[PDB]
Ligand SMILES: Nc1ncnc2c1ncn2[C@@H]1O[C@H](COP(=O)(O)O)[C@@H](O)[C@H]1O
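Below you'll find only one chain, the form solved without the ligand, shown as C-alpha coordinates.
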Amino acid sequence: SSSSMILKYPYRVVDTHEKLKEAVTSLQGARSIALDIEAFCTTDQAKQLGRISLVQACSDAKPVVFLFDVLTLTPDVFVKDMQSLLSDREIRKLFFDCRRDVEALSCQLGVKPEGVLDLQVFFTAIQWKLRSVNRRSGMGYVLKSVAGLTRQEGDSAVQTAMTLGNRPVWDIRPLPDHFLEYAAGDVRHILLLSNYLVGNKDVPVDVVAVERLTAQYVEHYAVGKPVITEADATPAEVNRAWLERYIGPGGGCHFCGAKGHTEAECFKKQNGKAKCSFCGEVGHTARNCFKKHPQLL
(Lines give C-alpha, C1' and ligand atoms only; values in the text may rest on other atoms or scores of the structure.)
Protein backbone atom coordinates (compact mmCIF):
# COMPACT_ATOMS: atom_id res chain seq x y z
CA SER A 1 0.00 0.00 0.00
CA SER A 2 1.54 3.28 1.18
CA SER A 3 4.72 1.32 1.99
CA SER A 4 5.46 1.00 -1.73
CA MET A 5 5.63 4.76 -2.32
CA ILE A 6 8.21 5.30 0.44
CA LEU A 7 11.13 3.76 -1.47
CA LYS A 8 10.43 5.87 -4.58
CA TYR A 9 10.77 9.16 -2.71
CA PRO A 10 13.34 11.33 -4.52
CA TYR A 11 16.14 13.06 -2.66
CA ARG A 12 16.53 16.83 -2.38
CA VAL A 13 19.99 18.16 -1.57
CA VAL A 14 19.73 20.85 1.11
CA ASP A 15 22.90 22.95 0.96
CA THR A 16 21.68 26.57 1.20
CA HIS A 17 20.01 28.63 3.91
CA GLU A 18 16.87 29.00 1.80
CA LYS A 19 16.65 25.26 1.14
CA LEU A 20 17.22 24.67 4.86
CA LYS A 21 14.24 26.82 5.85
CA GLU A 22 12.03 25.18 3.22
CA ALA A 23 12.97 21.76 4.62
CA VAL A 24 12.49 22.76 8.27
CA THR A 25 8.94 23.99 7.60
CA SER A 26 8.09 20.65 5.96
CA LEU A 27 9.58 18.58 8.78
CA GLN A 28 7.83 20.78 11.37
CA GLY A 29 4.41 19.57 10.22
CA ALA A 30 5.42 15.93 10.51
CA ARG A 31 4.63 13.25 13.11
CA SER A 32 7.56 10.88 12.48
CA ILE A 33 10.98 11.66 10.99
CA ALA A 34 13.45 8.98 9.93
CA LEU A 35 17.06 10.01 10.52
CA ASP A 36 20.53 8.83 9.50
CA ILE A 37 24.07 10.19 9.27
CA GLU A 38 26.90 9.86 6.77
CA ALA A 39 30.27 10.73 8.31
CA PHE A 40 33.92 10.78 7.30
CA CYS A 41 35.58 7.37 7.31
CA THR A 42 38.20 7.16 10.07
CA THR A 43 41.62 5.57 9.62
CA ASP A 44 41.64 4.54 13.30
CA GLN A 45 38.45 2.50 12.73
CA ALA A 46 37.53 3.40 16.31
CA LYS A 47 34.03 3.64 17.78
CA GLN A 48 33.26 7.35 17.40
CA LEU A 49 31.85 8.38 14.03
CA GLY A 50 33.94 10.67 11.89
CA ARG A 51 33.15 14.26 11.00
CA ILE A 52 29.49 14.59 10.06
CA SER A 53 29.02 15.10 6.31
CA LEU A 54 25.31 14.49 5.66
CA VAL A 55 22.23 14.17 7.85
CA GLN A 56 19.41 12.35 6.05
CA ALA A 57 15.76 12.98 6.92
CA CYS A 58 12.53 11.45 5.61
CA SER A 59 9.18 12.23 7.24
CA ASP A 60 5.53 11.35 6.70
CA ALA A 61 4.61 14.98 5.92
CA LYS A 62 6.14 15.11 2.42
CA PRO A 63 7.15 12.46 -0.25
CA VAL A 64 10.83 13.41 -0.29
CA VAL A 65 14.16 12.57 1.39
CA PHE A 66 16.11 15.61 2.59
CA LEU A 67 19.92 15.35 2.42
CA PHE A 68 21.27 18.10 4.68
CA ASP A 69 24.84 18.91 3.59
CA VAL A 70 26.18 19.65 7.07
CA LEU A 71 29.66 20.09 5.59
CA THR A 72 28.57 22.89 3.25
CA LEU A 73 25.97 24.47 5.55
CA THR A 74 28.34 24.12 8.58
CA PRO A 75 27.00 22.59 11.82
CA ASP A 76 26.24 26.03 13.29
CA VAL A 77 23.81 26.97 10.51
CA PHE A 78 22.24 23.50 10.45
CA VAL A 79 21.76 23.41 14.23
CA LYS A 80 20.28 26.91 14.53
CA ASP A 81 17.17 25.90 12.55
CA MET A 82 16.96 22.17 13.41
CA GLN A 83 17.50 22.30 17.17
CA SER A 84 13.91 22.75 18.37
CA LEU A 85 12.73 20.21 15.79
CA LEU A 86 15.06 17.55 17.21
CA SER A 87 14.19 18.72 20.74
CA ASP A 88 10.43 18.39 20.13
CA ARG A 89 9.34 15.20 21.90
CA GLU A 90 5.97 15.41 20.10
CA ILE A 91 7.74 14.42 16.85
CA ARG A 92 9.05 10.86 16.73
CA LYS A 93 12.62 10.48 15.44
CA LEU A 94 13.24 7.07 13.86
CA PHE A 95 16.67 5.40 13.84
CA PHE A 96 18.18 2.02 13.03
CA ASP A 97 20.89 1.65 15.68
CA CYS A 98 21.01 5.17 17.14
CA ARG A 99 24.06 4.69 19.39
CA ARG A 100 26.94 6.22 17.42
CA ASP A 101 24.56 8.62 15.64
CA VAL A 102 23.28 10.03 18.94
CA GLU A 103 26.89 10.25 20.12
CA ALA A 104 27.81 12.27 17.02
CA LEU A 105 24.79 14.58 17.32
CA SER A 106 25.84 15.24 20.92
CA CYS A 107 29.60 15.59 20.38
CA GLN A 108 29.73 17.36 17.02
CA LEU A 109 26.44 19.29 16.97
CA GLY A 110 25.72 19.65 20.69
CA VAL A 111 22.09 18.54 20.30
CA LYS A 112 20.30 15.74 22.13
CA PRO A 113 17.17 14.53 20.29
CA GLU A 114 13.89 13.97 22.11
CA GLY A 115 11.19 11.46 21.23
CA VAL A 116 13.51 8.87 19.69
CA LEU A 117 12.51 5.36 18.62
CA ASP A 118 15.20 2.87 17.56
CA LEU A 119 13.66 0.35 15.15
CA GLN A 120 16.63 -2.02 15.49
CA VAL A 121 16.02 -2.07 19.25
CA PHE A 122 12.31 -2.48 18.46
CA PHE A 123 13.08 -5.66 16.51
CA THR A 124 15.32 -7.07 19.25
CA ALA A 125 12.59 -6.29 21.79
CA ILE A 126 10.23 -8.49 19.76
CA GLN A 127 12.90 -11.19 19.63
CA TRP A 128 13.35 -10.89 23.40
CA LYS A 129 9.65 -11.16 24.26
CA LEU A 130 9.19 -14.21 22.00
CA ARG A 131 12.50 -16.09 22.16
CA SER A 132 14.70 -14.53 24.89
CA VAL A 133 17.04 -13.38 22.10
CA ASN A 134 18.88 -10.10 22.70
CA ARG A 135 20.98 -10.00 19.52
CA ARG A 136 20.82 -7.07 17.11
CA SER A 137 19.90 -7.72 13.48
CA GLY A 138 21.02 -5.86 10.39
CA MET A 139 18.70 -3.77 8.22
CA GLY A 140 18.26 -6.44 5.55
CA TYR A 141 17.35 -9.19 8.01
CA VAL A 142 14.77 -6.89 9.62
CA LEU A 143 13.35 -5.77 6.27
CA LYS A 144 12.90 -9.39 5.17
CA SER A 145 11.56 -10.65 8.51
CA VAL A 146 9.15 -7.75 9.14
CA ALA A 147 8.12 -6.52 5.69
CA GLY A 148 9.06 -9.51 3.52
CA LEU A 149 11.30 -7.23 1.44
CA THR A 150 14.77 -7.90 0.03
CA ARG A 151 16.44 -4.49 -0.25
CA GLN A 152 18.27 -3.65 -3.46
CA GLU A 153 22.04 -4.00 -3.57
CA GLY A 154 24.11 -1.12 -2.26
CA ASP A 155 26.53 0.40 -4.74
CA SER A 156 29.73 -1.62 -4.46
CA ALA A 157 31.93 1.32 -5.48
CA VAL A 158 30.71 3.30 -2.46
CA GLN A 159 30.69 0.18 -0.26
CA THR A 160 34.27 -0.80 -1.12
CA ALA A 161 35.64 2.71 -0.54
CA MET A 162 34.01 2.80 2.91
CA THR A 163 35.26 -0.67 3.84
CA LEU A 164 38.66 0.37 2.49
CA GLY A 165 39.01 3.23 4.97
CA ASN A 166 41.95 5.13 3.47
CA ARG A 167 39.99 8.33 2.83
CA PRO A 168 37.11 10.32 4.36
CA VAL A 169 35.17 9.46 1.16
CA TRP A 170 32.26 11.76 2.09
CA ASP A 171 34.42 14.91 1.96
CA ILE A 172 34.20 15.43 -1.81
CA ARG A 173 31.92 18.22 -3.05
CA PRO A 174 29.80 18.05 -5.04
CA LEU A 175 28.79 14.49 -4.37
CA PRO A 176 28.21 12.06 -7.25
CA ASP A 177 24.63 10.96 -7.82
CA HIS A 178 25.34 7.38 -6.73
CA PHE A 179 26.70 8.68 -3.42
CA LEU A 180 23.61 10.84 -2.92
CA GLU A 181 21.36 7.90 -3.82
CA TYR A 182 23.33 5.59 -1.51
CA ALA A 183 22.96 8.09 1.33
CA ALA A 184 19.17 8.39 0.95
CA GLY A 185 18.58 4.63 1.07
CA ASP A 186 18.52 3.95 4.80
CA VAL A 187 16.03 6.66 5.78
CA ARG A 188 13.57 5.29 3.22
CA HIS A 189 13.87 1.80 4.71
CA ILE A 190 13.56 3.20 8.24
CA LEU A 191 10.32 5.11 7.60
CA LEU A 192 8.90 2.03 5.86
CA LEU A 193 9.63 -0.17 8.88
CA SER A 194 7.73 2.20 11.17
CA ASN A 195 4.48 1.46 9.33
CA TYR A 196 4.89 -2.25 10.10
CA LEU A 197 6.13 -1.81 13.69
CA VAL A 198 4.17 1.22 14.98
CA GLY A 199 0.40 1.15 15.38
CA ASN A 200 0.15 -2.60 14.77
CA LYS A 201 -2.00 -4.85 16.94
CA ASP A 202 -0.01 -7.90 15.79
CA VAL A 203 3.28 -6.50 17.17
CA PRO A 204 3.68 -8.08 20.63
CA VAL A 205 5.56 -5.11 22.17
CA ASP A 206 4.08 -1.71 22.95
CA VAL A 207 5.69 1.28 21.25
CA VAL A 208 5.84 3.23 24.53
CA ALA A 209 7.97 0.44 26.01
CA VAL A 210 10.48 0.60 23.15
CA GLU A 211 10.41 4.41 23.33
CA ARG A 212 11.37 4.22 27.01
CA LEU A 213 14.04 1.64 26.17
CA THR A 214 15.42 3.86 23.41
CA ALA A 215 15.47 6.90 25.70
CA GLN A 216 17.86 5.01 27.87
CA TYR A 217 20.21 4.59 24.94
CA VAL A 218 19.97 8.31 24.16
CA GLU A 219 20.78 9.21 27.77
CA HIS A 220 23.78 6.87 27.66
CA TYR A 221 25.23 8.14 24.36
CA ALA A 222 24.28 11.84 24.40
CA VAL A 223 26.67 13.13 27.06
CA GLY A 224 28.42 15.87 25.10
CA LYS A 225 31.56 13.76 24.99
CA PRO A 226 32.92 10.53 23.53
CA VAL A 227 31.32 7.49 25.16
CA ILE A 228 33.86 5.07 26.67
CA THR A 229 31.81 2.39 28.43
CA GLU A 230 29.32 0.80 26.05
CA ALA A 231 25.77 0.09 27.20
CA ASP A 232 25.78 -3.45 25.78
CA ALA A 233 28.10 -6.37 26.52
CA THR A 234 28.99 -6.72 22.83
CA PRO A 235 28.21 -4.33 19.95
CA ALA A 236 25.80 -6.84 18.35
CA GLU A 237 23.27 -7.21 21.18
CA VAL A 238 20.99 -5.29 23.55
CA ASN A 239 21.51 -4.90 27.30
CA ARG A 240 19.57 -7.75 28.90
CA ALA A 241 18.91 -5.87 32.15
CA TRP A 242 17.36 -3.07 30.09
CA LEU A 243 15.22 -5.59 28.18
CA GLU A 244 13.95 -7.21 31.39
CA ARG A 245 13.08 -3.81 32.86
CA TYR A 246 11.40 -2.22 29.86
CA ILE A 247 10.10 -5.12 27.81
CA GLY A 248 9.61 -7.76 30.51
CA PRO A 249 10.77 -11.34 30.94
CA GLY A 250 12.10 -13.18 27.93
CA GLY A 251 9.91 -15.68 26.12
CA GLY A 252 10.37 -19.18 24.79
CA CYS A 253 8.73 -22.03 22.92
CA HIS A 254 5.34 -22.93 24.39
CA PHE A 255 5.64 -26.47 22.98
CA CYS A 256 9.02 -27.76 24.17
CA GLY A 257 9.91 -25.01 26.67
CA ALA A 258 13.25 -24.06 25.12
CA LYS A 259 14.34 -20.48 24.56
CA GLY A 260 15.48 -19.13 21.21
CA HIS A 261 12.46 -20.08 19.10
CA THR A 262 8.67 -19.93 19.13
CA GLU A 263 6.06 -22.67 18.74
CA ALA A 264 5.68 -22.06 14.99
CA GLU A 265 9.43 -22.64 14.54
CA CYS A 266 9.67 -25.65 16.87
CA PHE A 267 11.31 -28.64 15.19
CA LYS A 268 9.96 -31.01 17.84
CA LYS A 269 6.35 -29.94 17.26
CA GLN A 270 6.75 -30.35 13.50
CA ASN A 271 8.57 -33.69 13.74
CA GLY A 272 6.04 -34.93 16.30
CA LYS A 273 2.96 -34.43 14.14
CA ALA A 274 1.29 -37.68 13.11
CA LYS A 275 2.25 -38.71 9.57
CA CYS A 276 0.31 -41.47 7.83
CA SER A 277 2.66 -44.27 6.79
CA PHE A 278 0.27 -45.46 4.06
CA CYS A 279 -0.68 -42.19 2.31
CA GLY A 280 1.95 -39.73 3.58
CA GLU A 281 -0.49 -37.11 4.89
CA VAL A 282 0.20 -35.35 8.18
CA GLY A 283 -2.70 -35.44 10.61
CA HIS A 284 -3.51 -39.13 11.05
CA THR A 285 -1.86 -42.53 11.41
CA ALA A 286 -2.16 -45.65 9.28
CA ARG A 287 -4.52 -47.25 11.81
CA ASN A 288 -6.97 -44.39 11.12
CA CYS A 289 -6.33 -43.90 7.38
CA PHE A 290 -9.47 -44.01 5.24
CA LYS A 291 -7.40 -44.85 2.15
CA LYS A 292 -5.84 -47.91 3.80
CA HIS A 293 -9.02 -48.91 5.69
CA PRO A 294 -12.08 -48.07 3.55
CA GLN A 295 -14.24 -49.73 6.23
CA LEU A 296 -13.87 -46.38 8.05
CA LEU A 297 -15.04 -44.10 5.22
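Heads up: residue numbers just count along the shown sequence, starting at 1.
Quick note: we don't show the form solved in complex with the ligand, though the next part is all about it.
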Practice task
Spell out, yes or no, whether the shortest heavy atom distance between residue 170 and the ligand in the entry with it bound is within 4.5 Å.
Solution key: yes
Problem - Partner proximity in the entry with it bound: residue 74 to the ligand, non-hydrogen atom cutoff 4.5 Å - result: no
Problem - residue 162 within 4.5 Å of the ligand in the entry with it bound, heavy atoms - result: yes
Exercise for the section: Decide whether residue 186 counts as a contact residue for the ligand in the entry with it bound under a heavy atom distance cut-off of 4.5 Å. Expected result: yes
Practice task
Find the only residue in 33, 49, 243, 65 having a heavy atom within 4.5 Å of the ligand in the entry with it bound.
Solution key: 49
Exercise for the section: Work out which of the listed stretches, 22 to 30, 57 to 65, 41 to 49, 244 to 252, brings a heavy atom within 4.5 angstroms of the ligand in the entry with it bound. Expected result: 41 to 49
